[PDB]
Structures are given as C-alpha cells and as structure tokens.
Protein chains: 2
Amino acid sequence: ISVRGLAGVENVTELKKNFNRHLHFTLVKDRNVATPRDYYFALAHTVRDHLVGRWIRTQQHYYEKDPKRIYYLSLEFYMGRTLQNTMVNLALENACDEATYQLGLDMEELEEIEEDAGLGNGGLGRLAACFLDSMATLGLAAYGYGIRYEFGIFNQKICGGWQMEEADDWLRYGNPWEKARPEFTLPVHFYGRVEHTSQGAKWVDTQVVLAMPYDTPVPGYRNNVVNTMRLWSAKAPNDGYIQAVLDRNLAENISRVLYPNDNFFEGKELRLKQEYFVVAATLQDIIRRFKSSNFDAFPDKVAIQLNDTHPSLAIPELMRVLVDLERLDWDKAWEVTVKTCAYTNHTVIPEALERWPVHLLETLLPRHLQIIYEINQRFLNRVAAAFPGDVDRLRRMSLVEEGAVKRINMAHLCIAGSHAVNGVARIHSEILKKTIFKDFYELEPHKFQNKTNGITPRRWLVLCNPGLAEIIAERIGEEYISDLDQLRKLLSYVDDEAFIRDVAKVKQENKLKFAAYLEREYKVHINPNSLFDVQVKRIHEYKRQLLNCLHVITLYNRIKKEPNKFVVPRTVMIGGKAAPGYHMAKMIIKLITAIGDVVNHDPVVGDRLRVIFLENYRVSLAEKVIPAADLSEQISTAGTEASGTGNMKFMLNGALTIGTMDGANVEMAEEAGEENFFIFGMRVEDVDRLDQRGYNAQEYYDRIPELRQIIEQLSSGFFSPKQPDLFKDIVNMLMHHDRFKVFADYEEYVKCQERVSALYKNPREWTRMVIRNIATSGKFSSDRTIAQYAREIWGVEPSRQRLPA
Amino acid sequence: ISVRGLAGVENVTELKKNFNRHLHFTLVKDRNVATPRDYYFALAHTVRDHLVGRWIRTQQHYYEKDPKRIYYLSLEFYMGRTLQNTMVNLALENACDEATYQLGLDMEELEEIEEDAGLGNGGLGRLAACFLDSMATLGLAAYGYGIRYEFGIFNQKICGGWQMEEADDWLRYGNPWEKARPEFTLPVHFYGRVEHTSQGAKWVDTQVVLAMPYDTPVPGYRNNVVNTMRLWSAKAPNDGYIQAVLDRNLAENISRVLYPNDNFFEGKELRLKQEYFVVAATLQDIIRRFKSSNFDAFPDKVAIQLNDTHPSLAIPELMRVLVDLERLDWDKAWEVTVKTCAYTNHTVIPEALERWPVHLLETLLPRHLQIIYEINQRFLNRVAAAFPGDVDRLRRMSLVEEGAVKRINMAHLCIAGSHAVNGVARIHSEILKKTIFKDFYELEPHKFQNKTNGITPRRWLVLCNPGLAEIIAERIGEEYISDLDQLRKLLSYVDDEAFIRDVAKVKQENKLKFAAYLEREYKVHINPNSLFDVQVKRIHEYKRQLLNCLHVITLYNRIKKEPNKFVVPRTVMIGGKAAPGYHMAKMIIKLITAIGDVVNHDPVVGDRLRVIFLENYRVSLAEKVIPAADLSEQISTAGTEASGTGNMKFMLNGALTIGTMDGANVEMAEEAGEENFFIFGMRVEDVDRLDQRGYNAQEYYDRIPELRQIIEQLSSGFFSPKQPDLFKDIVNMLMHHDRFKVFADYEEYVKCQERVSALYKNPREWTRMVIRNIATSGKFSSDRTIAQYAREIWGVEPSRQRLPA
Ligand SMILES: CC(=O)NC(=O)N[C@@H]1O[C@H](CO)[C@@H](O)[C@H](O)[C@H]1O
Ligand SMILES: CC(=O)NC(=O)N[C@@H]1O[C@H](CO)[C@@H](O)[C@H](O)[C@H]1O
Ligand SMILES: *Cc1c(COP(=O)(O)O)cnc(C)c1O
Ligand SMILES: *Cc1c(COP(=O)(O)O)cnc(C)c1O
C-alpha cells in the first residue's frame, strides 16, 4: 500500500474491536443509526487510546530524570487536524486503513470530517505547531503553553466576490484529543492597586479569573515520546441574582476568540488580558513544577521561549513573583529572569510592533507597570555608562516611548530581559542588527542570533504527499523522515529516467486529485494539464498578491491581443484570509474574484487561463493544494517577509519557486543553486536606494505601455461594469501611496514568468530542476531549527532515542 | 604527436630532399649562411609544390565537366598566413614537422616568420576568407576575385598609449603562394565620354589602366580540390620623357593600398576607382571563360555574389557589356543580370552605406551613370504600378537621392539588380525587412533571405587549437572537421570526469602558451591562473569597448574600497585597430592604456587585476589569443552588430560568452541554451522604446553612485594626471551624444559579470558549461553557411567527394 506502517493481523483485529467498542460505549450508537461523523469519532478515540500509555510514561520519565524543561509560550498554535498526524507518528496508518476497510469504511472520508484546530493566523502560529512536533521528535522535555480559544480563526466565505466572516465553532461536536484538567485550575489577577508596606510591595484588591488547563498530547515521530500542549481556558470564580450569574460571561470572554490580525497591532484591552492570562497561569505552573523537581538553579531547569512579544509580560511577571512573593533581591531576580528568557522576533514592519498605552497597563496591571519602569531605569543607566553623553540613544532605547500617549515598547522590554534574541532567517536577523535593533546590538552583541525557520517533514511530506514520500523511500529508505538532510542523496538520481518519470507521475496524480476536489466541494472545473501557479498565504500588501494580479491581467491582455498564438496553459490560484478590518486586503480579494469573472468566461481564452480564488485557506487546505502546485509564488518586497514557511512547504513537495531575494527564499536559492530558482526583482539594497531617491510610481506607468493599459482597465471599470469606480482605492494606492512598490518589480517579474513558462514546455528539464529542489530542501526541516535552538539557546541536547516502549 | 596526419618514412624523406633542393636552387643559399627566414621559404616552396598538381587537375576538371561557376567578388580577403593552413588541408603537418625536426629546425619557429596577408579590415574580409575555404572543401567551382593591395591593413604600433600606423609592406620578402599571370592582363577604362550613334551608345576617349592577375591556390580539406583566388594589380599601359615615366605611378596607385575604414563610408575617388577596377576586370574574365564553356544560359553557368555594395558596379557593368558590346535588348540583358547577381548586406548603420555623389560617377564612369538612371526609371515605374499614388514611397525607393548633392544609393541599386538579398544573421535579416529595406521587401518579398554567418573549423579549431581538436577526435573521430554538427556527440561526455579534465587541461596549456608569448614579444608578465577576459575586434563605438572599460574601472574601485576582500582574479585583454581618421576610436585606445597604467601599477591590486591592450590585432594574433580565452566579450548595443564572427571563434575554442542579444549571439544562445550563456542588457525592442522616449544619460549618472564615481574620475584627470582634461571628449560623448547608450546597459552588465566570476570559482561547473557550448557550436561552421548559399541562392549542390588524387 505504502510505507505507512505494517498492517499486522493482531493489530488490525485489535483496532477493529476497539473501534466497535467506542462506537457502542463511547458514542452510544449502533451500526444502524451511526453516521460518518460517528465513525470518525470512534476511530479518533481508538487512535487516542494508543498514545495515552506513552503519554503517561513520557511524563513519568521526565519526573524521574528531571531534565531541563523547555516552555514555549505562544498566543497561537495553528495545529490543523490531528487524526492522520497521530497515526503517522505512531506508525498506525496502514493498520487503521485496513481495519476501517474491513469494517466497510473509507478512512480518507472519515479524516475529512475532523475540524481543524485553527488557533492561529498564519506563519507564526504554524511555526509553533511544527516546533511542537520537532521537539517531541527530538526527545526534548518541552511544553507548549497557550490559550484554548473557543473560536479560532474565522471561516472565510466568499459572497458576491467579497469576503464574509463566520465564527469558527470548532468545538461544537467536541474535541476527542484534549483532556480537561479542572483539578489544576489556577487564579489570575487583574486590576487592583499596589500597597507599599514595611517589607515589600503588595498587589491588592484585584479581580480574579480562573485559568483551567486542557492538555493535548504531542507525539514524536516513532520514538514513543508524547509531550504536552497545555491550553488555558478562562473561568469565573463562583464567589440581581440572575444578572450576576449572567455577568460571569465577562471574565470568561478572555478565552473566547482569537484576534485575527496577521502582522498588525490593535491596542485592545481584551487582547492585553489574553496576553497576561496565558503568562500568569503558565508561570505559576512552571514554578510549581520547579519547586517539585534557591532559584539560582532555576535557569538550569527552566527555559522559556517567547514567540514574538505577545507573551512579553512573562518578564515582569517572573520578576514580580521572585521579588514580591519569593522575596529575592532585585539583582538576583533579574539575573535569573534574563537567563531563563529568550525572545523570537517575526517582523520588522512598524505597524505590527506591540506598543501598549501606559494608561492601559496602569489600570489593568499596576504592579507590572512599576516593575517595567524600574527595569527601564536600570537598563538606561547601563546604556548611559556605555555611551556617555549620547542622549538621543537614551531616548531611542527606552522601553517607554514619549509622545501623544506614552507607550511601552514590548520589543525593547524583551531584548532587555532576554539572554537571546533571534530573527527567523539569515537576512531578517541581519536586518534586525542593522536597523530596528541596531542600538541594542551595539550594547549587547552576544544576545543576537539567527535561527532560520523550518517545517516538519511529517505533516508537510509524509502526511500530505504519501506518493512522493514513497518513491523517495524506495530509493534511499525511510531514515530521511527524521533526518531530512538525507534528501541530498536524491541528487544522484537527477539523471535517472525512472525517478524522473515517478516524480512527474506523483505530481500529475496530486493535481488530478486536487482538480477533482475543486469540483467536488466547490464546483467550477479546471484543466489538470495546465501549470498550477499558486500563491496561498494571508492577504497583505507586503506579500503583493497585487503584483500577481498584474501579471494575470498581462497574460489575459496578451492573449486577447494575439488569440491564435500559443501560450503555456495556466491555472493561477490565489487564496488566503484578510483581517476583518483591513480594507485594502478585502479590496484585493474582490479584485481577484473580479478578474476571474472576466477571464474565466472569455470564449477566446478557452482553457488556456483560469483564475481561481481558494476559499477558506487553512492548514487542512494547504495539505491539499501544496502537493498539487507547480509554481510557488513568494514575491514579497525585499526586506518585508521575515522568513516565510509556506515557501519551504512548496519546495519539499515538488514545486519550483518564483520569488524575490527575501526571507528564507535567499537561503533556499543558496541551497538549491540560483540556476534552479526563479529569482527576480529588487534586492534589499535596491529598495533602500529607491527610498533614498523617492519612489514615484508615475514613472513606471509612463514608461511601461502594458502596465498603463492595466491601470486604465482597472480605472475605467473593465473589471467592474456595474460599479465603474469600484477599484479606485486600489489604483490610487498603487499610483500615490504604495509602500511596497508593486510597479518597481513589475517588468522583471513578467520577464521571469516568461522563463518559467519556457521551462514548463520541457517536461523532462522542469522535473530535473524539481528534483534538484527537493534534494536540497533538507536544511528547512524544523528538526534542524529546533536542534539549533536547543544547543545555542536552551542549553539542552536533542535525542533520537526511542523511549522504553 | 597528434592527428596532424601521418609521418610516413617515404614522405618525410621526400620532403627533406625537396627542402634542401629549394634552399639551394630557389633561395641560392647554403646551410652556412641561411637564416630562419630562408628556412621558412624553403619549407613554403616545398609545401607549395604539393598543391600545384592538384591545382592544375582541379581546373582541368572544371573545364571538362563545365559545372556552374561561382564568382565571389570582394574588395577584401583577410587571409592571414597560409603555410600551416595548407599543411592542414593537405594532411602534411606531422610529416613536415618530422622532416624539419630531422633537419634540426623548429617548424613552429619558421611559421612565425610568414607575413599575414592582411587584405581586409575585419569581419567582412575574414568572412570572404572562411568562405573560400568552405567552397573548396565543399567541391564548388568557386573563384574569389579581388584586389592585390601592395599594402594591406596598417600595422598598429602603440606609442605613449596612442595608436600609430605604419605601412604593411607584406610583399617585401616576396609571396611564395601567388603566381603572376601577366599573360591574362586585361584593360579597364576610366573617364571618357558617351557617343550616341546610329546603332547604340559608345564609350570613347577613355583612359586605360591594365589589370594584371595574380592567382593564389585555395585548397579544400583533404579532398584534393584546389580552387583559385584571383587578385588584380594595376599596371599602366606603355603607350618631359622622365616625368611621363614617373607619372605611371598615378594609374598604378589604384591597387596600392586598402582603405582602413571598418563600418564607415568615405566618398573618395580612389576608392571608387578600386571598386570599378575589380568589377571591370573580373567581368571580362567571367565572360571570356563563359564564351569558352546566346546569353540566355549565362545565369545557368554563372553566379556572382556581391560582398556588400563595394562591387555593386558589377550590375551596370554587366548591363553595359550585354547591351553596348553584345547588343542584346535591354529587357533581355536585365533578365540575365538579375538572375546571375546576388547581394549580401553586412550592416544597418547609415554612415557605412555607400552613397556615391553623382558628379563623381558622371566624370569617372559616364556610361554607367546613364545605365543607372535607366535602371532607376524602369524600377520606379514598377513601384508606381504596384503602389499607385504613393509618391513618398517613390522618393524613398529611388536609387537617386536628392538633396545638397545628388547621390546614388548603391544598396538600392543592388536590391533592384539582384535575385537574392541576404542578411548575415537571423535578427539582422529581420531588421532589414522591417526597417532599412522595408519598402523593397514589400515590393519583392521573394528576394529577401537569411544566411547566418559561420567560421571555418579548419583554421579556427584544428590549426589554432590542435590540443582541443585532438581530445575531441579521441572521443568521436575526425569526421567532425568537415561536418561540425557531429560535435553534438560531445554532449554525452558532459559528465565524463576524464573529458572534463582534458578540456580544462588544454585551456590551461593554451593560456600558459599565450602568457609566455606575451612576455616574449611584448614583455610585461601576466597571471596564468586568472580569468582571461578578452574583447578583440575593430575599435568602434557600437561595439562598446567603453562599456568594458567602465566595468574594469568598477572592479578597480571596488578593490580599492575593500582591499582585503576576495575577488576572482582577472586579466582583461582588449585589442583591435581604429580607423586612422576616427578620433573617438583613437581616444578609446588611449583610455584603455591609461586605465592599465593606473591599475597595473597599484600595489594594493597586486595580481588580482591586469588590463592589457593587445597590440596589432590581426588574424595571426587571433589564432593565438582566442584559444587562450575564458570569457568572450560580445557586448554591442542590440541591433548594431549584424552578426559578428569572432563570437563564433570563441565558442568553438572553449570560452564562455557574455553578451547582448545581438547578431549571431541570439542564435548561439539558442543553440547552446540560454542557461549556458551570459546574456544581459536591452533587447532590440528595449532600444527602440528608449529612442521613442528619448535617451537621457544624465538619469543613469544620477541614479547609479558607482557610475557617477567613474565619470568624475575620468573628468578630474584621475587616469591622466599631467593632462587633466585628456578624456573630456569621451565624457561629453557619454553624457550628451551617445548613440549607443553605454549607460543604459551598465547596471545589468556589471551584475552579469558578477555571475561569471561566481561560476569561474567552480572549475568543474565552468568546464561543464564550456563543453555545452563547444558541443553546440556546429551550426556556426562556414560549411553550413556555404551549403545554404549553394542550394538557396546559387542553385548548385555541394560535394564531399575527393577529386581523383
Ligand atoms: C506578528 C507576526 O509577525 N506574525 C507572523 O505571522 N509573522 C510571520 O511569522 C512567520 C514565522 O516566523 C514568518 O515565516 C513570516 O515571515 C512572518 O510574517
Ligand atoms: C561594411 C561592413 O559592414 N563591414 C564589416 O566588416 N561588416 C561586418 O561583417 C561581418 C561579416 O558579415 C559581420 O559579422 C559583422 O557583424 C559586420 O560588422
Ligand atoms: C504555512 C502556512 C502559512 C504561512 O505561509 P507563508 O507563505 O509563509 O506566509 C500560513 N497559513 C497556513 C494555513 C499555512 O499552512
Ligand atoms: C574574426 C575576426 C574579426 C571579426 O571579429 P568580430 O568580433 O565579429 O568583429 C575581426 N578581425 C580579425 C583579425 C578576426 O579574425
């Protein structure tokens, strides 16, 4: 069937009986009234049973050996589905496939019933998910800590070409993977005031909200390790009658919904509450566990990784506990804090940086504000001693920003209180040291590091592309699944006629599979022989879905100009959600559907060009589209995409990449060789040069006839007959206030696209270049990334040793 | 030793005795007083003896079979040396090498004594030479007809960094290859007047100049065919006494010297006389030979190819003879003329086009002017009938140009009187139909053809690069020498570790060989490990040696900026002659030497960068430098280099190419694959777009810091301390009247150059790309070119059959 494990006689028999047992006792159903959803749950509970034993002994193992614990704090964990992933990591896939087959059921059908755990917005949230997988696979005593949102990222509906949002009620039918632990509920304090008495300050008259944890198992790849992801849920304490009970839903709103902002900051009180909620509950858990195992050894037994500044309050909260509750002297407490905390930055765009108004912190967390002021005072004294007389440096590095309203720069807070600060791609980390954090780098160079992102090869290859994983294993074995660098061995098969044919065959199969799904759940048909040109990621101006749109319109205009001229057929697919309040992003989605409305119904175009907007892009959809892609669009303006991870997913799955020298694209091209990548556009240096001179879009419009035609088509209502000026905001933006210079890369982009079409016409050479990419994608495994965090930041050695059964 | 033929016992013995025989009887010398020059001549006469038998029987063969004869008229035949070429084509090289070795002589030393037959300026003249070789190799009854200049292209001396010209007295020691044929002397008429009497017009009261032919053998490659190149020499007829005899050197001045203008037109009377002289004498020879074999069959037995418009007078001269002397009716004569004549265009630059003032033709060739007017009248009547009312078309297509001084457009004359008109590269031929000759193409589309240039693989591979020819023959045999397409078979050795090593070894050997020669005859040393970056061709603004200079200065400035940074070492070599009256070209030569003066003596640069100007570039020097080159510079502004041929020479000899999509570069990249070529810059379409908008160099100067620095260095006297404003004319030109937009391609050029340096750092991959180029250079053999002329223009079939011993 495939290398999805063995389908043993004893195991298939056992799975079948436990399946029927759960269907009866757990679901309380009989085969006469059971529906597909019932079958999915019976299967889920059956697979879940297999990891409880390992989950219990893994945790017992950590208690006995007492290794250093790694705590990954994040407000997002974009997990997706967990049924297939669990079967994969437990080598249970073929057995379950056979067992369900014998029961007369199609396992693939049941898998589609599971709801995605969409507790994330995009890249940052997915990274945390891949990291959890790699830490377990590498045998690290790691814990993921976050919030159990009852509503994750909204489900996207497209109506009249516009994005409509609807609540993601993912818990409606229940979650078989989590285990509520009400017995470990902890109190979290808000508001109140600070009292300064004899020995120490006291935080009193606070409002209390309970934090109830739900644990979810995180299985390592075939090593019998099962780590834990603990998500906190808000509960009101039990201490007009009716109204008082109804108002409990004021405290519980803290864990109600995920804020849908990808790369953007909203200073809302509810978001601040969520951030402190996760931090306060998590730190009590960490300390409790530690006291079990003098806080001098705290950093030797504890490491906390801050995923962006969202959990930055961990720094002053740790100080508060050590100083106020444990009564350690400030200097001692600060030493411990810095040594246990590390911070990861994910973007350089100013609007994404968290800068909380002082009046908010003052009211919600009065003690933390005082602690932050003290940290700032002591930090600035160090700066002053290192750079005497440099008064502007003092104001630039302050954690407190003056102006209209005073704010606290959480990024500055994180750098000051962490022993390590890292970017997520080489070019990004360099940019941090040369620009945004230049002053900090000059003060403490040793703190700055790079940790290039990666993706887990389990979910992003074995799970979503079994056909490719199989033809690869046929040649080099299965060891690469947990040691991706072994993919390089495929380089010796680049001239192998058999391999070339198999690689091309799996891609065609994936495309047919996806082309079918498209008609199944969406209905509209597409041509499987065309080049699948896809750009899937959150909608943002910096990602430039608009540059993609300009190319699509260029292709359409060229066809209309010379209809009987041959052009490589293409299906361009664009998908991604827009933040609810991001007007421009919503206009871009409308533009895409509008283009499709014209292009997809033009008789002259035929099946040579199709424009489709992939609705509700999420983890489960990514697993379907990526394995089917031919061309991966990674065209952000140089210097804006910190790393990107979708780019790695495409590379590992046999798609060629067209992109700018931005984020990880640079290292990907470096690994595969620039001749095997379609690079175009301005480099970071070119962008800076243009800014020095002053970007004037008009220049491009005046010197490029094809570009002018497109703008006039948009302006005149060619793509919006009933509403002639529908896209006036888009044109105005491109022409007068385009922060990402779409026009500047237009010419080189279309030129580059012609080169990809030329290579696609030569199937054999296209595939050989593909093999060159897959063979060199090893560096982008999150196992490599985590091994570097472990050795260079956390001070722990990864292990590939199977746990005692 | 190598595949330079067999060194048979009988043959070596025979060669030795004939060598001593000539040294004694021919040179009248003894081994005690003989010098190296004497030995060269003894060897030359010995090899010459071997082709006389074949020369006599080849001509007898043509007389007996009476095939259609091909007459290639050219005012230039850039032959170079003929000793080694003769040995190669006769398979006598190893035998002569052994024979001279036994006599205690070094044949290579003797070969260097021979004077180049530099009867050409550059590309057009060398093409005629390669064509003669291919026509003989293909068994065509072909005759090259030209002028025996007693002084060829001037010898170039560099003094104080400036070009100095000195007479090329190539006949000083005699020419052993030619055979004077005073018995076949023919009369040529000049001046006079036209008398219209009873039956026909008569050209009377003319001045007579005798045309004395000298025949030179043209051996085919190992097929025993020996064709003839007949060059005419001017002689005064024998009919104050002293002064009258001394004035004979007025008529004989016609064949005294080659006009040194490459791509430029000077309306000098002496040049016009040379053009008619070659045409008049040649046509009498052709007709005489024909009458031996009703002029209705004339086109079936005769084909005359016009190399550019230089011999364009052949059209009205043929009409004059047929109408005035043979008394054929005009229409009949015109039919014959058009059917036997074909014209090849070599450039689209307006200043190169021949437009003779009517007053000159009126005085020198009164009858021809009348004939030209009549041709024009009848031609315009045809245009008027095809495009009624299009009066501007009439004036655009006229052979007579009105204005300040009336002139005759010789190109229009050629198109009207030829049944075929061809460009010399696909892009060039297309440009002719879309621009310069658009009106003519619309009137007679069937006349326009393309015949992409080529080079002879005998002189340009076997002769100049025996080491490479040998390692190639080792794998695929020697058949490729006369069937270059077989080189494709080398594609299956691109991964062969042995071949890769041998290809790289021959290149290193060629470079050491050249590096030595450089110190031997010029003294100044160079680093053999560096990348040999060479640009050799006549000096002209359109070829852009200046863009090369800008890159060199950029490299030097970058080194000075970061001295301890590593950069791939390079030796950039630039060579070529400038027309004596072309001021800008002479300033460019001075700039190059000036750059070297600074760069080559900068301690900080060391041996990382050297700039050398190759003095007296000519055919013999090309045979030395090309096999030693790593990088071939073919950077003309798109649309200006009709074809180029030096580019083909480099490709065949293992050098990678950096160039624009111009001339044959386009087809070369097409044959090898664009990934194996270093293409950069504007395409023809981009150039046109810039001209529409208006080229403003200032823009580039303002937006490119590195470019600005260079211009300021040139302007301030950085490269000319004693003469601060020495290069003011160059800067003024670049900044205000640059017809070839050097600045427009600067950025992309330097970027491309960085990519070549990157590949050079990886010896193995550099060599594999080289193999890819050599393997696909087959299309550029002049045998392919001539086979197309034969079948598509001359109506004759080429033959590879050995002539009966
Ligand atoms: C706040 C923020 O930057 N959100 C976010 O999703 N950032 C994303 O994080 C990913 C993982 O590091 C990176 O690959 C992306 O480049 C970055 O935009
Ligand atoms: C008059 C003239 O164009 N001279 C000349 O040398 N032209 C040259 O002829 C060569 C052979 O066709 C071409 O390869 C060159 O591109 C062209 O410049
Ligand atoms: C991988 C992934 C992302 C990140 O994509 P980028 O192109 O790096 O922004 C976002 N959303 C989902 C569902 C993903 O799987
Ligand atoms: C081949 C050759 C040329 C022509 O070179 P291009 O670069 O095509 O102009 C000119 N001069 C000599 C001596 C040549 O051998």
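One-based numbering, in listed order, for ligands and for the atoms of each. Numbered from 1 within each chain, the chains take letters A, B, ... in sequence-line order.
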Do any nitrogen or oxygen atoms of A:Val619 lie less than 3.5 angstrom from nitrogen or oxygen atoms of ligand 3? no
Any N/O pair B:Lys537/ligand 4 closer than 3.5 Å: yes
Pairs of nitrogen or oxygen atoms closer than 3.5 Å, one from A:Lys649 and one from ligand 3: do any exist? yes
Main-chain N/O of A:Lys543 paired with A:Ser636 side-chain donor or acceptor, under 3.5 Å: no
Report yes if B:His310 has an N/O atom closer than 3.5 Å to an N/O atom of ligand 2; otherwise report no. no
Would you say that B:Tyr542 contacts B:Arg544 through its side chain, given a criterion of any heavy-atom pair below 4.5 Å between the two side chains? no
Is there a donor in the side chain of B:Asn422 and an acceptor in the side chain of B:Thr344, or the other way round, less than 3.5 Å apart? yes
Test item: side-chain donor near acceptor, A:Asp116 and A:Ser620, under 3.5 Å: yes
Can you pull out the closest protein heavy atom to atom 12 (C) of ligand 3? Residue, atom name and distance to 0.1 Å, please. A:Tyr617 CE2, 3.6 Å
A student checking ligand 4 against B:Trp460 at a 4.0 Å heavy-atom cut-off should list atoms 15 (O)
Checking a contact table here: which protein heavy atom is nearest atom 6 (P) of ligand 3, and how many Å away? A:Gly646 N, 3.7 Å
Do the ring centers of B:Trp356 and B:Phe265 come within less than 6.0 Å of each other? yes
Tell me which protein heavy atom sits closest to atom 15 (C) of ligand 2, plus the residue, atom name and distance to 0.1 Å. B:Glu641 OE1, 3.4 Å
Which of the numbered atoms in ligand 4 are below 4.0 angstrom from a heavy atom of B:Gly644? 8 (O)
Ligand 2 versus B:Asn121: contacting region, heavy-atom distance under 4.0 Å: neither
In ligand 4, which numbered atoms sit nearer than 4.0 Å to a non-hydrogen atom of B:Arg618? 13 (C)
When you measure from the heavy atoms of B:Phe650 to every atom of ligand 4, does any distance fall below 4.0 Å? no
Do B:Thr347 and ligand 2 have an N or O pair less than 3.5 Å apart? no
Verify the ring-centre separation between A:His540 and A:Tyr582: is it less than 6.0 angstrom? yes
Heavy-atom nearest option to atom 11 (C) of ligand 2, drawn from B:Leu75, B:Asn453, B:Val348: B:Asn453
Under a 4.0 Å heavy-atom limit, does B:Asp262 contact ligand 2 with its side chain, its backbone, both, or neither? side chain
Before accepting this row, confirm whether a basic side-chain N of the pair B:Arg739/B:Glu541 lies closer than 4.0 Å to the acidic partner's carboxylate O. no
Flag the pair A:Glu667 and A:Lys779 as a salt bridge only when some basic side-chain nitrogen lies within less than 4.0 angstrom of an acidic carboxylate oxygen. yes
Can you check which of A:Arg538, A:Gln535, A:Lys543 brings a heavy atom nearest to atom 9 (O) of ligand 3? A:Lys543
Answer with side chain, backbone, both or neither: which part of B:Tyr542 has a heavy atom less than 4.0 angstrom from an atom of ligand 2? side chain
Ligand-side contact atoms (ligand 4) for residue partner B:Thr645, heavy atom cut-off under 4.0 Å: 1 (C), 4 (C), 8 (O)
Quick check: B:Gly644 and ligand 2, any N/O pair under 3.5 Å apart? yes
Do B:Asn453 and B:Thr645 have a side chain donor and acceptor closer than 3.5 Å? no
Ligand 2 and B:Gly122, any nitrogen or oxygen pair closer than 3.5 angstrom? no
Using a 3.5 Å cut-off on N or O atoms only, is A:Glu641 in polar contact with ligand 3? no
Can a salt bridge be assigned to the pair B:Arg458 and B:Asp133 using a cut-off of 4.0 Å between side-chain N and carboxylate O? yes
Ring-face cation of B:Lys537 near B:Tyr617 (centre distance under 6.0 Å, axis angle within 45°): no
Does the side chain of B:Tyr259 come under 3.5 Å of the side chain of B:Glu266 through a donor N or O and an acceptor N or O? no
